[PDB]
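Numbering (the entry's author numbering), first residue to last: 16 to 161.
Written out as structure tokens, the structure reads:
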């Protein structure tokens with residue numbers, strides 16, 4: 016079967032670059048953190064965080080998506096995504112395809128209607144291996160929620 020935990024490649028949109036991200040579960044809900052940008056570039060600081068005491072943390076290895084609940088066999092809701100490129104938090108829902116890819120809906124908008132849907136490709140273990148992607152340890156990544 017397909018599951019959400021995994022590594023995906025996000026969709027380029029405006030000044031927001033394609034990036035590799037990892038989804039994981041904890042206490043029954045799903046979360047995600049950023050690994051690196053597709054073009055290999057260096058991790059930068061969270062300069063636009065509304066909270067001044069957070070502007071020092073990296074945009075990589077840090078949880079930007081939290082609180083996603085599985086509601087159907089391939090269906091998730093209730094999530095909230097922080098966006099490093101603008102400092103805003105968006106409501107997120109996700110539908111997963113049978114090949115594992117995500118239709119990732121980002122909105123304003125608890126119900127998802129005043130938002131946009133992107134497609135995030137699932138990576139196989141072979142691609143993850145060949146891109147030399149770093150999988151961060153998850154206890155440390157968890158401390159990153161506040």
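A virtual CB, placed ideally from N, CA and C, is assigned to each residue, including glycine.
### Query
Can you find at least 3 beta carbon pairs, one from the stretch 60-71 and one from the stretch 112-123, that sit closer than 8 Å?
no
### Message
Could you tell me which whole beta strand (DSSP E) segments of length 3 or greater appear in the stretch 97-125?
### Response
103-111, 117-122
### Query
If you draw a straight line from the C-alpha of residue 122 to the C-alpha of residue 147, how long is it?
32 Å
### Query
Going by other Cβ atoms of all chains shown within 10 Å of its Cβ, with 16 needed for buried, is residue 62 buried or exposed?
So residue 62 counts as exposed.
### Whether residue 99 touches residue 109 by CB criterion (8 Å)
Residue 99 is not a Cβ neighbour of residue 109, given a cutoff of 8 Å.
### Message
Here's the rule: buried if 16 or more other CB atoms are within 10 angstroms of the residue's CB, otherwise exposed. What is residue 126?
### Response
Taking every protein chain shown into account, the CB of residue 126 has fewer than 16 other CB atoms within 10 angstroms, so this residue is exposed.
### Task
Could you tell me whether the Cβ atoms of residue 45 and residue 91 are closer together than 8 Å?
yes
### Query
According to DSSP, what are the bridge partners of residue 31?
28
### Query
Looking only at C-alpha atoms, which of 31, 25, 33, 41 sits nearest to residue 153?
41
### Query
residue 54 by DSSP, collapsed to three states: which one?
coil
### Query
Going by beta carbon distance, what residues of the same chain come within less than 7 Å of residue 53, once the five residues before and after it are set aside?
24, 32, 33, 34, 35
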